[PDB]
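Given next are the chains, with one letter for each unit.
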Amino acid sequence: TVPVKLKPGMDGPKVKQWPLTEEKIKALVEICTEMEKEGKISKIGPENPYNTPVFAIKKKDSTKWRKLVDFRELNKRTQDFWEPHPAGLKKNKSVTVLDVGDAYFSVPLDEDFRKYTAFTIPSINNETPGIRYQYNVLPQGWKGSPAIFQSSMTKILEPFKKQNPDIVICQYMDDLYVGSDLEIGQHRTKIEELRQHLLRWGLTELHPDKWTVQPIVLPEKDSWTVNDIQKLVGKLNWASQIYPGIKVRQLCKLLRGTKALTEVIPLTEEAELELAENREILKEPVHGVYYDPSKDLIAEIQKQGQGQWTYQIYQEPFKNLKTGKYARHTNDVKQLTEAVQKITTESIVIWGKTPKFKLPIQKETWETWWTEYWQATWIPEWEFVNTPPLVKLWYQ
Amino acid sequence: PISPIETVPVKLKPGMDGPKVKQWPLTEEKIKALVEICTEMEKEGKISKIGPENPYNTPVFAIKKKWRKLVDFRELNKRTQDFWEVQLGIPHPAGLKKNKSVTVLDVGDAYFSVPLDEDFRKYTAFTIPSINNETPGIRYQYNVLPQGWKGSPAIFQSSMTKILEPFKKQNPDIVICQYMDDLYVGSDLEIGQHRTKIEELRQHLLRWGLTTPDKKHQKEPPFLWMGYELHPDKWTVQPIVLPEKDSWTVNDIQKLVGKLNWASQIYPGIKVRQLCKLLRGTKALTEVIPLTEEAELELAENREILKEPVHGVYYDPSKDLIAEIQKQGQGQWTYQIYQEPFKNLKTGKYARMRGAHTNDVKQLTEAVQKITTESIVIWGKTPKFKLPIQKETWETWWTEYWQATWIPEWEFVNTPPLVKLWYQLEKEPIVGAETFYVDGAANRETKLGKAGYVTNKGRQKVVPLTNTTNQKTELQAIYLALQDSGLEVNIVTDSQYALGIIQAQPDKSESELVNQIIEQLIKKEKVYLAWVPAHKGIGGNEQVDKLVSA
Ligand SMILES: CO[P@](=O)(c1cc(C)cc(CCC#N)c1)c1c(C(N)=O)[nH]c2ccc(Cl)cc12
């Protein structure tokens, strides 16, 4: 076993278990009994003060329950251990994502580090004490697992990689991201070949080139009111904090004077010249915005109504590395949860790391309902924005 | 009686060594009494004699219970490792299931009947001093879990889980709940077949060295527990006594509020807002607060509710839970949870966020999330809600509102007061209506604000304001605009702050200036509100900015 150490001074995680539903506690006991019989996890006494949370989910289009340990806190306190991502992956035609988490259960975890992987299955109404368990094997959702396993993963793919030097294979958490510039049927056949290579060591589609900016579109009216210009100036005003070439000096001259909101205002030759100048700068990208690997990625999401969501990834505010949309029933949390996962999925494919979400929702509502629609093996960092932005209008 | 369990390995906190505290000198009366006890404890096998080689020492005292020994483990507890939370919560009676027969087994000598880890025993060393510190004192160490040691409650509770694991596996029909020393055992077997299974468990407890009260038990139903009364087919809180006073101190009001809150989990419609308002400000614990006419009226309504004793029923796993919420006013909400119409499992209440500006539709949602979480903890599932809000009213809110918001399966129930939005801001600017451009400025040093407007129809006003801020002036300007406008009106501010407040449709606020603007918004037929960036030569905003800048 590879020996593992925490950051100097940092103690292990002591995070409270979020209360679970009846079906999930029952599903987790079914699972945790079989993992105990197969040696992957052992019961633990009260000498272990550490605890990580745990819930049950269902992986994309499946009925069987799957365990999901929330190792975010342990990941934060281990990162001296683990912490390259191939820049080519985002320029592939097709990228397929394969869950290789079952590979980790074969490798044993360092006996001394096992204490930190403790987790509790809570009982309903606390009638019984919580069923405690710690990991004997490399756990799924701990960032130490792929790092330790990397030497073994390179060995498994060494044939397949020599076989196909165009295929870009990348690994984040329990997933494997396999990209190619091939035809989709040809690509699928290479993915099926890859599954077979993995089968011999115990192991049973997105299009990054087609991701393009959702630019800050300006309106096009037959005639303009004062209000329509007042809103149009604000959109450009706010856009000029990001975009270098934005100006609106000729536009604001049209408003000079205390006019009513519904009064119609004809545009000058310079106004429509300045307006078109803005459009085409906003359709094309942002100058001087580059990814710094030392600093965090952040994601803000805005609700637009009618199943529509907009988002922006960045490191330093008003300097967007990526913008986008998410569309399509009457559940808000579900859609936000489906959005959060989609954005993270992209972020992992572009930079090899997840963003800190600024979620527009009350902490309690999300905390309650997020696991009922969550399907990923990973979980990103989130905070909750309870401040009502004007940004809803700017990205419409 | 000790016990043959496997010991829990214990360590000190990394880096730290055990306690080396000096033994303070004691009177001859205390020394004598301690020797008598530690001999008894030694014979029963709880402690053991040691030499002077052991370098650790924790002090000891003696008090009048009859003498009762007392070890102060404060220093050992610091140096002892952290342990796992003994309880993530206590069970609520409403989550319990109805049982035929119920018995309470008290373990009694709980901590003293479980072995302490061999390697840790040395650290539990203490000394009985000699007469005025002449000779070397007698030295002992614990072979069992001491009273008041950090890891006793955790280690004891794990031993019980282990001890029961065979019996629970062998007897899946009966149910044993663990709380501290007690074991509460319940079953749906006959009074004959139950009493037999009790004695099997009592014998099983003795098999691993745990004593327990005989068929002549200490208690029988109904039981008093954590401030509850637990009958076999129902539950309730323990007798509430709201005192009669000429004059109320703070201390009396705190205990009153506490008892009323305690009652609220079965007595429906308890209110405590007007009583709580009095506690705001300081005053001492013995400082008398004269009750307001509201608090007197509120306390009177609680006496009325408490007159007739109400009881809660237990959970049926097969049947659905039905939560059902009402509005009491002043942002006070009450709810009831039942399974068969109006046979409540429990009740409760929700109180408004004492802070920020809000409305009824927001509050009702916050009250749903409170009640939802309560149900996940108590019953493991979300109840089906019956709310006083039209599906058309909720649809209008969630679609438009900026936050993501969701509430599970629910139905309308026509119980006034019903939840509604008291106004709506216009989607598009109103034709044939005045356009009040507004702004507020405020000096940072002198705190002297000006607030005012300029309109499309010529008009102007500029009110001076003392001891204020930029925010309060920009709200004051929006208030001014509403005052001097008709039933329709358009308003152009540069304050994202005020847009953010007013777009979220508050019908209630702490800031009194916001309550005035709300009052205006409700009177009007139509209001439109738009935002522009400040200092951009935008007409109307540029004019009013300079009026207030002086
Ligand atoms: C058999 O006892 P329980 O485990 C129980 C649970 C708790 C949290 C407290 C008590 C306290 C008893 C005393 N004193 C009993 C129990 C349960 C249960 N856990 O299903 N159901 C009951 C119905 C009536 C009564 Cl009096 C007790 C129970």
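Residues numbered from 1 in each chain as written, not as in the entry; some residues may be left out. Chains lettered and ligands numbered in written order. Heavy atoms only, no water. Residues with missing side-chain atoms left out of burial classes, pairs and counts.

Judging from the entry metadata, X-ray crystallography is the method by which this structure was determined, and 3.10 Å is the reported resolution.

In the nomenclature of the PDB entry, chain B is known as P51 Reverse transcriptase of Human immunodeficiency virus 1.

Under the PDB entry, the name given to chain A is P66 Reverse transcriptase, and the organism recorded is Human immunodeficiency virus type 1.

What follows deals with the overall build of chain A. The secondary structure content of chain A amounts to 10 helices and 13 strands. By its C-alpha atoms, chain A is 80 × 55 × 45 Å across when sized along the principal axes. (Helix = DSSP H or I, 4+ residues; strand = E, 2+ residues; numbered from the N terminus.)

Residues and elements named next belong to chain A. You can read the domains of chain A as domain 1 (1–83 + 105–145), domain 2 (84–104 + 146–205), domain 3 (206–291) and domain 4 (292–394). Between domain 2 and domain 3, the contact holds 9 residues from the first and 4 residues from the second. The three residues of domain 2 that bury the most area against domain 3 are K93, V95 and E205, which together make up 56% of that side's buried surface. Between domain 2 and domain 3 we count 4 residue pairs in polar contact in total. Counted by class, the side of domain 2 that touches domain 3 contains 4 nonpolar, 2 polar and 3 charged residues. (Domains from an automatic or database assignment. Contact = heavy atoms within 4.5 Å. Buried area = accessible area lost by both parts, 1.4 Å probe. Polar contact = N/O pair within 3.5 Å; in protein donor to acceptor, adjacent residues only side chain to side chain. Nonpolar A, V, L, I, M, F, W, Y, C, P; charged D, E, K, R; others polar.)

All names here are of chain B. With respect to the helices and strands, the residue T103 is situated in strand β4 (residues 101–106). Separated by 2.8 Å, the side chains of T103 and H194 make a polar contact. Other than its neighbours up to four places away in sequence, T103 contacts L183, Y184, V185, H194, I198 and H217.

Time to look at the interface of chain B and chain A. On the chain A side, the residues contacting the 60 residues of chain B number 54 residues. For the side of chain B that touches chain A, the elements supplying multiple residues, two or more each, are α3 (152–170), β7 (175–179), α8 (360–378), α9 (391–400), β20 (435–442), β21 (448–455), β23 (488–493) and β25 (526–531) of chain B. Here the side of chain B that touches chain A is composed, by residue class, of 33 nonpolar, 24 polar and 3 charged.

All names here are of chain B. Tracing the backbone through its elements, the reader meets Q483 in helix α10 (residues 470–483). On the basis of relative accessibility, which here comes to 39%, the residue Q483 falls in the partly exposed class. Sequence separation of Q483 and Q520 is 37 residues, and the distance between their C-alpha atoms is 7.4 Å. For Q483, the side chain forms a polar contact with the side chain of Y479, separated by 3.0 Å. (Buried < 20%, exposed > 50% of the residue type's maximum accessible area, 1.4 Å probe, protein only.)

The subject of this paragraph is the sheet that holds strand β7 (residues 168–172) of chain A. Residue and element names in this part refer to chain A. Strand order across the open sheet formed by 3 strands is β4-β8-β7, with antiparallel pairing between neighbours. Lying at the two open borders of the sheet, with one neighbouring strand each, are β4 (94–99) and β7. Each strand of the sheet is rotated relative to its neighbour by a mean of 20°, with strand direction disregarded. Bridge count for β7 against strand β8 (residues 175–180) is 5 bridges, and the pairing is antiparallel. Across the sheet, the residue bridging to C170 is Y177, located in β8. Relative to β7, helix α3 (residues 144–163) is tilted by about 160°, and along the sheet it contacts β7 and β8. (Pairing = 2+ DSSP bridges. Axes fitted to C-alpha atoms, helices over the stretch in contact; angles between N-to-C directions.)

The next subject is the sheet that holds strand β6 (residues 138–142) of chain B. Two orientations exist for strands paired in a sheet by backbone hydrogen bonds: parallel and antiparallel. Residues and elements named next belong to chain B. An order of β1-β6-β5 is seen for the 3 strands of this open sheet, with the pairing classed as antiparallel. Each edge of the sheet is formed by a strand with only one pairing partner; in this case those strands are β1 (47–49) and β5 (126–128). Taken pair by pair, the neighbouring strands of this sheet meet at an average axis angle of 35°, ignoring direction. Across 3 bridges, the pairing between β1 and β6 is antiparallel. Its bridge partner being in β6, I47 is matched across the sheet by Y142.

Let us now look at the domain arrangement of chain B. Residue and element names in this part refer to chain B. Annotation of chain B at the domain level lists domain 1 (1–86 + 112–152), domain 2 (87–111 + 153–221), domain 3 (222–315), domain 4 (316–422) and domain 5 (423–550). For domain 3 and domain 4, the distance between their C-alpha centres works out to 23 Å. Of the residues lining the interface, 19 residues belong to domain 3; the matching set on domain 4 comes to 18 residues. Of the residues belonging to the side of domain 3 that touches domain 4, the class tally is 9 nonpolar, 7 polar and 3 charged.

Scanning the model with the defined rule gives 35 aromatic pairs over all chains in all. Taking 6.1 Å as the distance between ring centres and 20° as the angle between the ring planes, the aromatic pair formed by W225 of chain B and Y228 of chain B counts as stacked. Geometrically, the ring pair formed by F436 of chain B and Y453 of chain B is edge-to-face, given 4.8 Å between the ring centres and 65° between the ring planes. Here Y453 of chain B lies in strand β21 and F436 of chain B lies in strand β20, a separation of 17 residues in the sequence. For the pair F436 of chain B and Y453 of chain B, a shared accessibility class is recorded, and that class is buried. We note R132 of chain A situated over the ring of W84 of chain B; from NZ or CZ to the ring centre the distance is 4.0 Å. (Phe/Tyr/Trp six-rings, centres within 6.5 Å; stacked < 30°, edge-to-face > 60°. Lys NZ or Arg CZ within 6 Å of the ring centre and 35° of its normal.)

Before going further, it helps to examine a negative patch on the surface. Residue and element names in this part refer to chain B. Taken together, the side chains of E36, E40, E44 and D109 define an acidic patch exposed on the protein surface. Take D109: it is sitting in the loop between β4 and β5. A relative accessible area of 51% means that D109 is categorised as exposed. (Patch = residues over 30% accessible without salt bridge, like charges linked within 9 Å, V, L, I, M, F, W, Y side chains within 5 Å. Areas by Shrake-Rupley, 256 points an atom, 1.4 Å probe, with all protein chains shown as cover. Salt bridge = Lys/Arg side-chain N within 4 Å of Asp/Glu carboxyl O. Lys, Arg positive; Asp, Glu negative; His and termini not counted. Charge placed at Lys NZ, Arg CZ, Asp CG, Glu CD.)

Turning our attention to the pairing of strand β9 (residues 298–305) of chain A. Residues and elements named next belong to chain A. Counting buried residues along β9, 6 of its 8 residues qualify, which places the element largely inside the surrounding structure. Following β9, the chain reverses through 2 residues before pairing antiparallel with strand β10 (residues 308–314); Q306 in that reversal takes a positive phi of roughly 55°. Pairing analysis gives 3 bridges linking β9 to strand β12 (residues 356–359), with the strands arranged parallel. Bridging across to β12, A299 finds its partner in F357.

What follows is about the site of the ligand. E127 of chain A together with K97, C177, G186 and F223 of chain B are the nearest of the 18 residues found near the ligand. At the ligand, the nearby residues belong to more than one chain, namely chains A and B. For the ligand, whose free accessible area comes to 600 Å², the fraction covered by protein is 97%. Only β4, β8 (182–187) and β9 (223–225) of chain B provide two or more residues apiece to the shell around the ligand. (Near = heavy atom within 4 Å.)

Attention shifts here to the side chain of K353 of chain A. All names here are of chain A. Mapped onto the fold, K353 is located in the loop between α8 (332–350) and β12. An unpaired buried charge is present at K353: no salt bridge exists, and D296, the closest side chain of opposite charge, is 5.4 Å distant. At 3.2 Å, the side chain of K353 forms a polar contact with the side chain of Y291. Non-local contacts of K353, meaning those with residues more than four positions away in its chain, are made with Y172, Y291, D292, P293, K295, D296, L297, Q315, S347 and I348.

Right, let's talk about helix α4 (residues 184–199) of chain A for a bit. Residue and element names in this part refer to chain A. For α4, which comprises 16 residues, the first-to-last C-alpha distance of 22 Å matches the rise-based estimate of 22 Å (1.5 Å per residue) to within 8%. Looking only at α4, the buried set comprises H187, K190, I191, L194 and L198. The arc that holds every buried residue of α4, seen down its axis, measures 105°, which confines them to one face. Buried residues in α4 make contact with β4, α3, β7 and β8. Residue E183 occupies the N-cap position of α4, its side-chain oxygen lying 3.2 Å from the main-chain nitrogen of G185. (Expected span 1.5 Å × (residues − 1). Arc of directions from axis to C-beta.)

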